[PDB]
Structures are given as C-alpha cells and as structure tokens.
Amino acid sequence: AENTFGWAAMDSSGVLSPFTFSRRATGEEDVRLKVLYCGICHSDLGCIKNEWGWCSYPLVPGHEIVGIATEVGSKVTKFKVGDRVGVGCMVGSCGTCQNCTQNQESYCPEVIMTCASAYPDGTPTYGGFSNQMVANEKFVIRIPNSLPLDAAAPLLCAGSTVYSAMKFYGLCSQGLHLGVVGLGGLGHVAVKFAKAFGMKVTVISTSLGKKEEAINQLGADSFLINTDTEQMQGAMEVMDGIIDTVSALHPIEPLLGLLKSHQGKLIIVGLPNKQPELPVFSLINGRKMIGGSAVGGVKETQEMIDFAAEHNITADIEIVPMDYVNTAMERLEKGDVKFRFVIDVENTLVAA
Ligand SMILES: [Zn+2]
C-alpha cells in the first residue's frame, strides 16, 4: 500500500478518487512501465458501477495502457528499457489450457483481467488508472514507432476486439459489405479497420447528426437510421456481416433483416445491461447467425496493432486529465464523446 498511486472507486456509485497501493517487484519475466496514457472503455464504466455484480473494491480501472518500460526481468526476450509498450485486457492466464496454449488466452477460465480481478493467490489486480504497471512479458504489446501512444492506447481493446471479430468470422475480405451498428469508440474503430480491409461499410445509427462524421471523417460508404423503417427496408438482404458495437439494449431483428440470407452474420461485441430477444424465426427462415466476440489474444493484439501501423489507423481520441475521470464516465453513459477518452496519466496523475 505505498509504491504506486492512482485513482479508484470504492462503491458501486463508481466515483473515483486518489488511492495508493503496491505493485509487485519486477520478476524474471516481468516488464514494468511508467504509464503515459490510459484509454477509457465502457467496460471500465460497467466495472466501477458493478453492472454485473462480480466487482469488489477498491477498484482501479483501466486496461488500455500505454507507456515506457522502466524495468525488465532477466528472462525477458521481447523488451528492453525505453521500449514503447502496451497492456490490454489481460495480465495473466492458465498457461496450460487448450486455450492458453494456442494463443486464445482471453478464454482460459482462470483468465486474469488487467482491472477488477485477482490472481490465483488472492491478490487484486489494479488497472492502468495509475502511474506504473507490471506485467509478464507474455501479455505486453510492442507499440510501433509510427503510431502515437495516446491514439494507440484504445486500439489495445477496441481495436483488438473489432479485428479479432472480423478475422474469426471471416469478415475481412475486399468487396464484402460490412455494417457497423453504433458510432462510438468501438464503432469508429470498426469502420477504420473495415475500410482498411477493403470492405464497403454502412454505418447503422440512431443519431442523424453523426452521419457527417460517418461519411466524411470516417469514410463510410453508406449511412442508415436504425428506426428509418423505409431506408432500412431498401437495404434488406444486402450485407455479408454486421458488427454491433452498441452496449445498450436495442432491437436485433431489423439488423438481421439487413443481412444476406444463408450467409449473413451478426457479430455482437458490445455487452449491454439487459439481453434482447433471440429472433429465432429470422435466424431459421434466413439461415442467419449471431456470434459474439471479445478481445483477441496477445499475438492477435500484436498483429492487430502492426496492421493498424501499416494502415495508419489510430483511434479518434479526447485527451483528459486524471481528475476529469468522473466527468468522463458520466459523459460515456451518454455516448457524449468522439470517440474515445484517453487519460494523460504521466502529465496529470499526481501523488496526493
Ligand atoms: Zn476497453
């Protein structure tokens, strides 16, 4: 309870305040980094307000971490002091599963999340709303020189997720017609990756005063209003797949109507509070599918970030200081951001 400082929630109220704690010494396989930036994710919002009821306190959120290695263990092969490194959703895993062994490490039942979790021996994991971070080399990402740290930080989670989903479900080929539902953090990262894979992108939305970022800033080929039951119906059976990034309850059936029969896939990556109805009749009669995806494993996250570098993909961010974080959270509940918050941890997190 000393050698590291950050901000933490104590309550399901999710209100965050200064908090001091200790990180482990750097083991033979560990990298320590000074945290320079930490993205804010809807997962952090859910965790601090204990949306799903598992979370215990004090809770230091943050899992979109970028920084500079300050210390490497002797057994470390990938990294040296000074490297630009990242840490995403995970800091640990089983190490011996079927999942852990074929780089699907986001599915060992003993996965150790970067924030709001604990190791086997009971010690709680504190995320990147803090001045420094320690992680096994195995969960550390190299940030390419040609991407800025602040705008790469959110790729560690939003980017890994959309890329892993597009790869896994076979929606990463030129010409394919991809729909993206929601135009928040994930939504805009999804559009950038889809355009870089060569797919025609239609954004599906509820905010018509966002068409303009969708078409012009983000470069999407088409724009649809969720409820515009007349334009939607003109877009029926058109799309090879849809990535749904909305973390709010919303109707699934109209999205299914946009999908190609005996082909189209609705891939869900936003996790809401309540669950919608399963459109059994549409799935059966159109021979359509719904699959879910979460963040990809560490190799796939490295591959994602190298792909983003090759294609100059960056998240569209708003830099904020640490003591704005509570306001930032309130703004996330509203979608009021373009598109992702990033905390400037180095310049604005200070010791109490
Ligand atoms: Zn996230």
# chains A, B, ... in the order shown; residues from 1 in each chain; ligands from 1
call {"tool": "closest_atom_pairs", "arguments": {"of": "stretch 33-58 of chain A", "to": "stretch 308-323 of chain A", "cutoff": "12 Å", "atoms": "only C-alpha atoms", "output": "CSV"}}
result
residue,atom,partner,partner_atom,distance
A:36,CA,A:322,CA,11.5
A:37,CA,A:319,CA,8.8
A:38,CA,A:319,CA,9.6
A:39,CA,A:317,CA,8.7
A:40,CA,A:317,CA,10.0
A:41,CA,A:317,CA,11.8
call {"tool": "select_by_dssp", "arguments": {"residues": "stretch 189-314 of chain A", "states": "helix (DSSP H, G or I)", "output": "number ranges by chain"}}
result
A: 189-197, 208-217, 231-234, 253-257, 280-286, 298-310
call {"tool": "write_last_selection", "arguments": {"atoms": "N, CA and C atoms", "output": "compact mmCIF listing (two decimals), in the first residue's frame"}}
result
# COMPACT_ATOMS: atom_id res chain seq x y z
N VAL A 189 -13.64 2.66 -34.52
CA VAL A 189 -12.50 1.78 -34.79
C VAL A 189 -12.91 0.67 -35.77
N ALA A 190 -14.12 0.13 -35.62
CA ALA A 190 -14.61 -0.89 -36.53
C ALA A 190 -14.63 -0.38 -37.96
N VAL A 191 -15.12 0.85 -38.15
CA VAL A 191 -15.17 1.41 -39.50
C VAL A 191 -13.76 1.53 -40.09
N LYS A 192 -12.82 2.04 -39.30
CA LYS A 192 -11.47 2.22 -39.83
C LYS A 192 -10.85 0.89 -40.26
N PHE A 193 -11.03 -0.14 -39.43
CA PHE A 193 -10.46 -1.44 -39.78
C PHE A 193 -11.16 -2.05 -41.01
N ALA A 194 -12.48 -1.92 -41.08
CA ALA A 194 -13.23 -2.45 -42.22
C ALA A 194 -12.80 -1.79 -43.52
N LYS A 195 -12.66 -0.46 -43.51
CA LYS A 195 -12.20 0.24 -44.70
C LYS A 195 -10.79 -0.20 -45.07
N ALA A 196 -9.93 -0.46 -44.07
CA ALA A 196 -8.56 -0.88 -44.37
C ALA A 196 -8.51 -2.30 -44.92
N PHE A 197 -9.49 -3.15 -44.60
CA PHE A 197 -9.59 -4.48 -45.21
C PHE A 197 -10.20 -4.43 -46.60
N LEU A 208 -28.83 11.20 -36.25
CA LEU A 208 -28.62 11.57 -37.64
C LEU A 208 -27.52 12.63 -37.73
N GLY A 209 -27.34 13.42 -36.66
CA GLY A 209 -26.27 14.39 -36.52
C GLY A 209 -24.92 13.75 -36.28
N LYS A 210 -24.77 12.53 -36.77
CA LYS A 210 -23.50 11.86 -36.81
C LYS A 210 -23.20 11.29 -38.19
N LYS A 211 -24.21 11.25 -39.08
CA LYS A 211 -23.97 10.94 -40.48
C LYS A 211 -22.68 11.54 -40.97
N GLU A 212 -22.34 12.71 -40.44
CA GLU A 212 -21.41 13.56 -41.14
C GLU A 212 -19.99 13.14 -40.82
N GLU A 213 -19.77 12.69 -39.58
CA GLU A 213 -18.51 12.01 -39.27
C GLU A 213 -18.46 10.66 -39.95
N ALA A 214 -19.62 10.01 -40.11
CA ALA A 214 -19.63 8.65 -40.64
C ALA A 214 -19.14 8.64 -42.09
N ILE A 215 -19.73 9.51 -42.91
CA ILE A 215 -19.42 9.59 -44.33
C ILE A 215 -18.10 10.32 -44.55
N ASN A 216 -17.98 11.54 -44.00
CA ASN A 216 -16.83 12.39 -44.31
C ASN A 216 -15.61 12.05 -43.47
N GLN A 217 -15.70 12.21 -42.15
CA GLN A 217 -14.50 11.99 -41.36
C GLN A 217 -14.06 10.53 -41.45
N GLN A 231 -35.83 3.34 -45.32
CA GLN A 231 -34.47 3.16 -45.87
C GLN A 231 -33.86 1.79 -45.50
N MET A 232 -34.07 1.34 -44.26
CA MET A 232 -33.65 0.01 -43.84
C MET A 232 -34.17 -1.05 -44.78
N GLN A 233 -35.46 -0.99 -45.07
CA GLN A 233 -36.10 -1.96 -45.96
C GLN A 233 -35.57 -1.88 -47.38
N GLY A 234 -35.14 -0.70 -47.80
CA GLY A 234 -34.37 -0.64 -49.02
C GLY A 234 -32.96 -1.20 -48.90
N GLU A 253 -33.79 -7.77 -34.49
CA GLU A 253 -34.49 -8.19 -35.71
C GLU A 253 -34.21 -7.31 -36.93
N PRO A 254 -34.33 -5.97 -36.86
CA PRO A 254 -34.03 -5.16 -38.06
C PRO A 254 -32.60 -5.31 -38.55
N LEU A 255 -31.64 -5.55 -37.65
CA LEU A 255 -30.27 -5.79 -38.10
C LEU A 255 -30.19 -7.08 -38.90
N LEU A 256 -30.88 -8.12 -38.42
CA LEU A 256 -30.99 -9.37 -39.18
C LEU A 256 -31.57 -9.14 -40.57
N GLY A 257 -32.57 -8.25 -40.69
CA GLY A 257 -33.17 -8.01 -41.99
C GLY A 257 -32.19 -7.47 -43.01
N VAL A 280 -35.59 -15.97 -33.29
CA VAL A 280 -35.47 -17.36 -33.73
C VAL A 280 -35.98 -17.50 -35.16
N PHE A 281 -37.13 -16.86 -35.44
CA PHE A 281 -37.82 -17.02 -36.72
C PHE A 281 -36.99 -16.45 -37.86
N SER A 282 -36.40 -15.29 -37.65
CA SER A 282 -35.49 -14.71 -38.65
C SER A 282 -34.23 -15.56 -38.85
N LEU A 283 -33.67 -16.09 -37.77
CA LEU A 283 -32.48 -16.92 -37.92
C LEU A 283 -32.80 -18.17 -38.73
N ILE A 284 -33.97 -18.75 -38.48
CA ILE A 284 -34.31 -20.00 -39.13
C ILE A 284 -34.67 -19.75 -40.58
N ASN A 285 -35.51 -18.75 -40.84
CA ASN A 285 -36.02 -18.54 -42.19
C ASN A 285 -35.02 -17.90 -43.13
N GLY A 286 -34.00 -17.19 -42.63
CA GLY A 286 -32.99 -16.61 -43.50
C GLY A 286 -31.68 -17.38 -43.49
N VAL A 298 -3.00 -12.23 -27.11
CA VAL A 298 -1.90 -11.27 -27.16
C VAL A 298 -1.23 -11.26 -28.54
N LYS A 299 -1.01 -12.44 -29.14
CA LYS A 299 -0.46 -12.45 -30.50
C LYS A 299 -1.36 -11.72 -31.47
N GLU A 300 -2.66 -11.99 -31.40
CA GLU A 300 -3.57 -11.32 -32.30
C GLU A 300 -3.66 -9.83 -32.00
N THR A 301 -3.39 -9.42 -30.75
CA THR A 301 -3.43 -7.99 -30.47
C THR A 301 -2.18 -7.32 -31.02
N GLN A 302 -1.04 -7.99 -30.91
CA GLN A 302 0.17 -7.53 -31.56
C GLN A 302 -0.02 -7.43 -33.07
N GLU A 303 -0.62 -8.47 -33.67
CA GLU A 303 -0.86 -8.43 -35.11
C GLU A 303 -1.81 -7.30 -35.46
N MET A 304 -2.83 -7.09 -34.63
CA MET A 304 -3.76 -6.01 -34.88
C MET A 304 -3.01 -4.68 -34.88
N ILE A 305 -2.11 -4.48 -33.92
CA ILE A 305 -1.50 -3.16 -33.77
C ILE A 305 -0.50 -2.94 -34.90
N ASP A 306 0.15 -4.02 -35.36
CA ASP A 306 1.05 -3.91 -36.51
C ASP A 306 0.26 -3.62 -37.79
N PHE A 307 -0.93 -4.21 -37.91
CA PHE A 307 -1.81 -3.91 -39.03
C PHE A 307 -2.29 -2.46 -38.99
N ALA A 308 -2.64 -1.96 -37.79
CA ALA A 308 -3.03 -0.56 -37.66
C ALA A 308 -1.89 0.36 -38.07
N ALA A 309 -0.66 -0.02 -37.70
CA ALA A 309 0.51 0.77 -38.08
C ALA A 309 0.68 0.78 -39.59
N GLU A 310 0.69 -0.41 -40.21
CA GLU A 310 0.78 -0.48 -41.67
C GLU A 310 -0.23 0.42 -42.37
call {"tool": "residues_around", "arguments": {"residues": "residue A:157", "least_positions_apart": "4", "cutoff": "10 Å", "atoms": "only C-alpha atoms", "output": "list in words"}}
result
residues 39, 40, 41, 43, 63, 64, 65, 87, 88, 89, 152, 153, 161, 162, 163, 186, 294, 295, 296 and 301 of chain A
call {"tool": "write_last_selection", "arguments": {"atoms": "C-alpha atoms", "output": "PDB file, in the first residue's frame"}}
result
ATOM      1  CA  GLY A  39      -7.928   4.838 -22.556  1.00  0.00           C
ATOM      2  CA  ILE A  40     -11.395   4.691 -21.012  1.00  0.00           C
ATOM      3  CA  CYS A  41     -13.766   1.938 -22.055  1.00  0.00           C
ATOM      4  CA  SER A  43     -16.007  -1.965 -19.580  1.00  0.00           C
ATOM      5  CA  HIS A  63      -6.928  -1.632 -19.374  1.00  0.00           C
ATOM      6  CA  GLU A  64      -5.946   0.426 -22.438  1.00  0.00           C
ATOM      7  CA  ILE A  65      -2.470   1.140 -21.092  1.00  0.00           C
ATOM      8  CA  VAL A  87      -1.030  -3.712 -21.821  1.00  0.00           C
ATOM      9  CA  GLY A  88      -4.621  -4.573 -22.762  1.00  0.00           C
ATOM     10  CA  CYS A  89      -7.397  -6.522 -21.036  1.00  0.00           C
ATOM     11  CA  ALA A 152      -2.872   3.711 -29.991  1.00  0.00           C
ATOM     12  CA  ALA A 153      -3.875   3.043 -26.366  1.00  0.00           C
ATOM     13  CA  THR A 161     -11.899  -6.664 -30.442  1.00  0.00           C
ATOM     14  CA  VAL A 162     -13.065  -5.492 -33.855  1.00  0.00           C
ATOM     15  CA  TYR A 163     -10.044  -7.056 -35.608  1.00  0.00           C
ATOM     16  CA  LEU A 186     -15.724   0.676 -30.928  1.00  0.00           C
ATOM     17  CA  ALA A 294     -14.387 -10.307 -27.223  1.00  0.00           C
ATOM     18  CA  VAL A 295     -10.805  -9.002 -27.181  1.00  0.00           C
ATOM     19  CA  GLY A 296      -8.278 -11.099 -29.092  1.00  0.00           C
ATOM     20  CA  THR A 301      -3.430  -7.989 -30.465  1.00  0.00           C
TER      21      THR A 301
END
call {"tool": "residues_around", "arguments": {"residues": "stretch 81-85 of chain A", "least_positions_apart": "2", "cutoff": "12 Å", "atoms": "only C-alpha atoms", "output": "number ranges by chain"}}
result
A: 30-37, 64-74, 76-79, 87-88, 132-135, 137-150, 152-153, 156, 302, 305
call {"tool": "residues_around", "arguments": {"residues": "stretch 199-203 of chain A", "least_positions_apart": "5", "cutoff": "9 Å", "atoms": "only C-alpha atoms", "output": "JSON list (two decimals) with C-alpha atoms, in the first residue's frame"}}
result
[["chain", "number", "residue", "atom", "x", "y", "z"],
["A", 171, "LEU", "CA", -15.36, -10.67, -42.47],
["A", 172, "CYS", "CA", -12.03, -9.20, -43.57],
["A", 173, "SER", "CA", -12.02, -9.57, -47.37],
["A", 174, "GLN", "CA", -12.16, -6.93, -50.09],
["A", 175, "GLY", "CA", -15.58, -6.29, -51.59],
["A", 176, "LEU", "CA", -17.56, -7.71, -48.66],
["A", 177, "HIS", "CA", -20.34, -5.41, -47.42],
["A", 178, "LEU", "CA", -19.94, -4.79, -43.68],
["A", 179, "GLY", "CA", -22.45, -2.99, -41.47],
["A", 180, "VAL", "CA", -21.32, -1.29, -38.26],
["A", 181, "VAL", "CA", -24.01, -0.59, -35.66],
["A", 182, "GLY", "CA", -23.26, 2.24, -33.22],
["A", 183, "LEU", "CA", -20.90, 5.17, -33.79],
["A", 187, "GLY", "CA", -17.92, 1.76, -33.83],
["A", 191, "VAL", "CA", -15.17, 1.41, -39.50],
["A", 194, "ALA", "CA", -13.23, -2.45, -42.22],
["A", 211, "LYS", "CA", -23.97, 10.94, -40.48],
["A", 214, "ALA", "CA", -19.63, 8.65, -40.64],
["A", 215, "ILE", "CA", -19.42, 9.59, -44.33],
["A", 219, "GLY", "CA", -15.14, 7.48, -44.81],
["A", 220, "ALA", "CA", -18.05, 5.06, -44.61],
["A", 221, "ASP", "CA", -19.80, 4.34, -47.89],
["A", 222, "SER", "CA", -23.38, 4.48, -46.52],
["A", 223, "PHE", "CA", -25.45, 5.57, -43.51],
["A", 224, "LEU", "CA", -28.70, 4.14, -42.13],
["A", 225, "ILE", "CA", -31.01, 5.21, -39.30],
["A", 239, "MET", "CA", -24.82, -7.20, -46.08]]
call {"tool": "select_by_dssp", "arguments": {"residues": "stretch 79-152 of chain A", "states": "strand (DSSP E or B)", "output": "number ranges by chain"}}
result
A: 84-87, 90-92, 112-113, 117-118, 124-125, 130, 132-136, 140-142
call {"tool": "residues_around", "arguments": {"residues": "residue A:260", "least_positions_apart": "6", "cutoff": "7 Å", "atoms": "only C-alpha atoms", "output": "list in words"}}
result
residues 237, 238, 239 and 240 of chain A
call {"tool": "closest_residue", "arguments": {"among": "A:154, A:46, A:128, A:291", "to": "ligand 1", "atoms": "only C-alpha atoms and all ligand atoms"}}
result
A:154
call {"tool": "residues_around", "arguments": {"residues": "residue A:328", "least_positions_apart": "4", "cutoff": "8 Å", "atoms": "only C-alpha atoms", "output": "ChimeraX atom specification"}}
result
/A:324,332,341
call {"tool": "closest_residue", "arguments": {"among": "A:101, A:275, A:261, A:17", "to": "residue A:287", "atoms": "only C-alpha atoms"}}
result
A:261
call {"tool": "atom_distance", "arguments": {"atom1": "atom CA of residue A:155", "atom2": "atom 1 (Zn, counted along the ligand's line) of ligand 1"}}
result
8.6 Å
call {"tool": "closest_residue", "arguments": {"among": "A:103, A:207, A:114, A:226", "to": "ligand 1", "atoms": "only C-alpha atoms and all ligand atoms"}}
result
A:114
call {"tool": "closest_residue", "arguments": {"among": "A:56, A:160, A:22, A:229", "to": "ligand 1", "atoms": "only C-alpha atoms and all ligand atoms"}}
result
A:160
call {"tool": "closest_residue", "arguments": {"among": "A:115, A:10, A:60, A:242", "to": "ligand 1", "atoms": "only C-alpha atoms and all ligand atoms"}}
result
A:115
